[PDB]
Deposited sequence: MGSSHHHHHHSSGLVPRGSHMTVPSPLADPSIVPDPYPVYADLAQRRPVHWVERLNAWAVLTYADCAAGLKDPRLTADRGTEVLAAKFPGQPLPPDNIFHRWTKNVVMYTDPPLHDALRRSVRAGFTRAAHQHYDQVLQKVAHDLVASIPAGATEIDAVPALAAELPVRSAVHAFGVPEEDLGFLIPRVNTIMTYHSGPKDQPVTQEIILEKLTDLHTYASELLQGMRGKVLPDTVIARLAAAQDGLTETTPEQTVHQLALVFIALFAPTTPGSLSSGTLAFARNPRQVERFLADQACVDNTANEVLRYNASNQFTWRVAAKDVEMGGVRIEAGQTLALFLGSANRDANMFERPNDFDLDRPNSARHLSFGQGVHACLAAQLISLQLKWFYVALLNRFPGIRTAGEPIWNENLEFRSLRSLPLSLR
């Protein structure tokens, strides 16, 4: 019953040496407070994400872990939701649900999002007053860009932001019932939005393409589109994107050489998203459940037991990324990071987010190449969704 040096918040601002300590001896071990087997190496994490033996059907288990002794009946909104979205379903249902939303994520769509995001990022960074000298990059940039991308790339109506953001914030973090009510709000909003009963959806956006494709859907139901749209809203306004932006900004702030590498060579620019994502996973760990007994890292994981796959540790496994603690844009294989997961449930917005990141650093660094930290960066108290709460920055 030895507690794990994970679980405890003290490691959040810099969890990587701890990950290393543990990975040396105990790459797979029990975490008392997560009710789960933590797995830490790249090999076993990738294996975990690809394995048809671990199920994504994990709502009951994760909810147990997060709200002990507070079970929910199968017809409760949380369970219907989990049963009807890509995140918590296995093939073949998962594949049908995934195919039902591909209209927003085609090659052509991303061709458009590229231009849109170039624009948005440039306007954001250009909006910084010419004599600024100091900034907290978290509220000013990292928290702001995903919102603007949500409006102009995804198609969330601007006027509806004030409805959606507090509700996702509540969901992501008081009471389980309040969270359930907010999730219900997200479903009802998705439903009414598609019927034109809410804000105006800008054209050529994700939600516009999704809406136009509803009449052509044959394997899935309107209800399932509502569920998945609720999921989309949650991921859209989660701290994951701002966390990536801010952690990357901090990485550049502490690595001038990579700033000049960035400004000189287009290769570095094109690898920037992947290297930032590798250096700090916004989602430090994701969850699985063993459908059957699995043998991993020298451990017999029993059927029904929960697994915590530490993508953040895998991104800095020296077995896969030589000198993993270095922020390096010339790195050959940054694209092998697990920050977007891997295989079946690989992040639906991976390319959109990569575009957002790239253009953000292009715009930031073509105006402020002389960025430094001006005081200690402050991290949130959570490891699972790890992100900077404050990043004080001197621009000039």
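Coordinate coverage of the deposited sequence is interrupted at 1 to 21, 195 to 203, where no C-alpha atom was modelled.
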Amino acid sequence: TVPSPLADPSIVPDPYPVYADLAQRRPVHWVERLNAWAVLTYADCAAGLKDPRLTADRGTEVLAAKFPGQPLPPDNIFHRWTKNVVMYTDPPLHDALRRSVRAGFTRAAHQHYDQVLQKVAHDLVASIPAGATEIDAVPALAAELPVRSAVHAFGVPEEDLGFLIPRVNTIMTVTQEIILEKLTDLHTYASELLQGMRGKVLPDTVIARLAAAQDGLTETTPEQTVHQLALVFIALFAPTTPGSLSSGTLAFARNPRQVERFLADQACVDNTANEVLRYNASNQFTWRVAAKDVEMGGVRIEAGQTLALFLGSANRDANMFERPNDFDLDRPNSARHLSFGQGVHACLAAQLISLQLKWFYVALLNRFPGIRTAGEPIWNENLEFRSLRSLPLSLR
From here on, numbers count along this sequence of modelled residues.
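Higher mean CA temperature factor, per the PDB entry, when comparing 382 to 390 with 21 to 29: 21 to 29. For the pair 138 to 146 and 195 to 203, the mean B factor over Cα atoms is greater in 195 to 203.
By the numbers in the PDB entry, the CA B factor is greatest at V294 among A235, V289, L93, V294. In the PDB entry, the Cα temperature factor peaks, among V85, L263, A109, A121, at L263. In this PDB entry, the Cα temperature factor of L311 sits in the bottom third of its chain's modelled residues, the lowest group. The PDB entry assigns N325 a C-alpha temperature factor belonging to the highest third of its chain's modelled residues.
Among the modelled residues of the chain, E181 sits in the lowest third by CA temperature factor in this PDB entry. The PDB entry assigns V299 a C-alpha temperature factor belonging to the highest third of its chain's modelled residues.
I353: CA B factor in the lowest third of modelled residues in this chain (values from the PDB entry).
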